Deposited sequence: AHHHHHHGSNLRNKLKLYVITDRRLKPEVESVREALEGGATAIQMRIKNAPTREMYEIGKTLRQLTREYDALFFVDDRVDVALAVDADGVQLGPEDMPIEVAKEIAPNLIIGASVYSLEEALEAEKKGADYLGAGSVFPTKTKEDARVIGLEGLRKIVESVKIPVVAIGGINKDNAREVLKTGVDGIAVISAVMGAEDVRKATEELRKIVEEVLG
């Protein structure tokens, strides 16, 4: 279910590659979850791209999340929304969007446990490595994993050279941006990471 489909979590970055093409390649390569993350674009544009990503993810039986924007997630029938300290409070998103899966970006053990208490469905725990400027490291990531019962996706500076050490901490998934989106060959970059995920998680 959710826990399994969070294993390889790929986030868009139009600074690096256009969303639709890059998501297609990531999905070809074995991404199990996609997050649309668009910093500054009109709502209509977010909606149109979101509709396309919702179709592609469905074609590959992948989960689809939108960063921040609950309106957009609702409008495109996304599986969920990712929420951080500058976003809609968890309890409020839950009220207005009771069927969305809520991911919470957390940067400390206190924040992890609080997000879980407020009803987050999974955590994005970071930043594991330098990339909020807070860096939790492998040690901090491991402590969050040990303390919470909801799924935990590691994030922050994760790539093929460190993915194994990250996955050894007990997380359910890794989230990547640059490692995939900034690659010369997006699909191959994703395949390399998915192999490591399969190797460590089983």
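Missing C-alpha coordinates: which residue stretches of the deposited sequence does that apply to? Counting from residue 1, the stretches without coordinates are 1-9, 141-144.
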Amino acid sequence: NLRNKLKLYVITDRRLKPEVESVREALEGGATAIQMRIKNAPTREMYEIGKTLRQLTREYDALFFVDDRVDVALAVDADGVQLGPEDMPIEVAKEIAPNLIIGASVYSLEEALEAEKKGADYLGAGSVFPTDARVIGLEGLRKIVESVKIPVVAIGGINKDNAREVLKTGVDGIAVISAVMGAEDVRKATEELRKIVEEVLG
From here on, numbers count along this sequence of modelled residues.
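Mean C-alpha temperature factor, higher of 52-60 and 141-149: Between 52-60 and 141-149, it is 141-149.
Averaging only over Cα atoms, indicate whether 115-123 or 70-78 has the higher B-factor in the PDB entry. Mean B over CA atoms: larger for 115-123.
Per the entry's Cα B factor values, which of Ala133, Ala154, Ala41, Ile177 stands out as the maximum? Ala133 has the highest C-alpha B-factor of those listed.
When the modelled residues of the chain are sorted by Cα temperature factor, does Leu83 land in the lowest, middle or highest third? Lowest third, going by the recorded CA B-factors of the chain.
Check where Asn159 lands among this chain's C-alpha B-factors and tell me if it's the lowest, middle or highest third. For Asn159, the deposited C-alpha B-factor lands in the middle third.
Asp172: which third of its chain by C-alpha temperature factor? CA B-factor rank for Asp172: middle third.
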